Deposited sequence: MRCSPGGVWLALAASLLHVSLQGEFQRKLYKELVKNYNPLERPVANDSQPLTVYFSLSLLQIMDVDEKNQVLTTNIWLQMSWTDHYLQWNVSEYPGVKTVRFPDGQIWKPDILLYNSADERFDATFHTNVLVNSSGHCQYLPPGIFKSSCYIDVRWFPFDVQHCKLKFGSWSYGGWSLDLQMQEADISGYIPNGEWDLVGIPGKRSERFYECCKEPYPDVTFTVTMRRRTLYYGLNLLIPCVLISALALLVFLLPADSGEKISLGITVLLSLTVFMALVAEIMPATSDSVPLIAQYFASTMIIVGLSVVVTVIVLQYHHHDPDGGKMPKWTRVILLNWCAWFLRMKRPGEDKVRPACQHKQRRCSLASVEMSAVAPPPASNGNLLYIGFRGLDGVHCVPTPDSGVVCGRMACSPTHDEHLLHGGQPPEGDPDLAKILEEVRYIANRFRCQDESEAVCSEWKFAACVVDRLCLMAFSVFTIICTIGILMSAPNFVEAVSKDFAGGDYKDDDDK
């Protein structure tokens, strides 16, 4: 259109894109900054990197891009590309992207009264501190720091508008609690001028259904299966095999799965604590299995039972568990020979009785250890899980 073309010709006349568009130079320029979050595309615990897809909202009044709509009847808004009009140098301070600016420079809508608008999208990659102490029931606060790079408080009076999450799409792993913001002024060793900034904190809670179903439940079930080593009769040579195979499976599990955790040293993760507790339980189970096998395979001539252990293990533990406690010269020479045979048989029977008593003591120790270990692992797992905060509310929100 003739009017649009003439207005475009007259609008850039004597216009310098480097100049701050203010009628009075001594007065600061007010820029309203906001944010429009859409997706928490990825959060990387190991690298402490937050990746989001957001739209930055900026607005300011331009003193030179004004016209009377009566003289230009058809046009009411005009769009300027990058590098043709002044734009704020608002940057993400704590950006982790290889190129510092991840915004996609788009056009700039302009009022008929000089008011401007700027909505550059972009995949923002910010470095936020990630806490894994209460993993996976942790609540993460990551901060997005936005502020003008080379404009101070006397020049660009940055202002805050509430973040908009109307277009936000739910993430399958993280539940958003809110995105509050704050505006503050900081001094720098470079210069004697304040540099106001707008910081948006992203509070997200991790959904624990997948992790609880894939890590906690299988490991708890395998630990409960490890207790089966104490129900295997000692006569079958499979207790050691079962215990060591369970331990090998679990030690493969921890190293293979719980490696996505960052190599931080701020504190021990809850999952690490619980894996360590399970490893201790399984190792002590193997130790007790070795002790039980040592008691079971005792030589009758190796040594009699000591009085204290004999009396305690055959009276007190039996009472507690209600275990059942088992239990012419030719004739002369031929008689002597058969007497020898029978005496040897009697000695064999006495040795067998001693061995049976040893086996009973071993089985009693085994049952007592099974009960104690089951109680210990139940209480330890319950306490470890309940130690983390927001555990009950997380379960109520996820499983219920």
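Comparing the deposited sequence with the modelled residues shows gaps at 1 to 22, 350 to 429, 503 to 512, with numbering starting at 1.
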